[PDB]
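Let's start with one chain on its own, the form deposited in one PDB entry, as C-alpha cells.
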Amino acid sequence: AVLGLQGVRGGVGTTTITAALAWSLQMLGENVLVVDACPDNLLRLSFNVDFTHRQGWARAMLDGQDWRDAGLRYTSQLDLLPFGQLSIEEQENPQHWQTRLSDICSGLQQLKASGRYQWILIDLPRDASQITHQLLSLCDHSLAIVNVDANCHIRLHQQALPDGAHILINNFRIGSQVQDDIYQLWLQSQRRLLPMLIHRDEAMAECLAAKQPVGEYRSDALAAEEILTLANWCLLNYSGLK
C-alpha cells in the first residue's frame, strides 16, 4: 500500500516518523520504499546519506536524467528515494520546476503496480503544490501528523487534511496544563485520532544526529516501541488498496 505522511504544520515530526516507520515495517519482514517528496530533502539524512550527495528523484528529473537511478538501498528490504539537493536559485524559485515533476506520479504508479514493495511511504511537505496534491492522490492511506498545542488545535478547525487521513500525535509529554486540556479535548472530539501516539523521546531527537532511524538507533526506546505499534497497526488496518 502507498502511505502518505504529512504534518498539519512544519516541524511536527513527519520526516523522523516516516524514517522510523519504514525501519519498523522492514523489521517486520516488509519490503519498503521510502520517498522524500519534500524539497528540503531531509529524509535521506536519517539513512546515513552524505549531505554532499545531491542526487534524488527530483534532482534527476530537473537535470534531464532518470529518476530510477537515484534510488539507494539501505537494507535488503528498505530502499530510499531522496528528493535531491536544490540550489538556492531553485529553492527560492519554485515556479521554475514544481510543474516539471509530474512524471514522478506515473513512475510511482507503475512501481506500485509492480508489487516489488509491500509499502511505499511518502514524506510529504506542508504545501499545496501540484506535485504534492498529485502524490497525495496516489496514496492508499495517509497520516496527518500533529503535536498537542493550540496552533495545531486551530489548524484542525480551519485547514483540510487529506481525505480519510488519520491523525497521529507526536512529541507528546504530560505535565502541561494547556496541552493536557487540548489532549483530553481531542480524545472526546477528534474522530480521526489513532489509538496510539508517539511520546517526546530523546531517542527521536538524537537519531537524526546519529543519521539513523529511531528503531535502529535505540530499539528499546519508548518512541521506537510506539513506532513499532504503529507499524503493526498499519499492517492490520492500512493493507488494503484504493
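Numbering starts at 1 and follows the sequence shown.
If you look for the form solved in complex with a partner chain, you will not find it shown, but the lines that follow are about it.
Interface residue remark: residue 83 is not counted as part of the site for its partner chain in the deposited complex, having no heavy atom within 4.5 Å.
Residue 235 belongs to the set of residues with a heavy atom inside 4.5 Å of its partner chain in the deposited complex. Residue contact check for residue 100: none of its heavy atoms lie within 4.5 Å of its partner chain in the deposited complex.
Using a 4.5 angstroms limit between non-hydrogen atoms, residue 123 is distant from its partner chain in the deposited complex.
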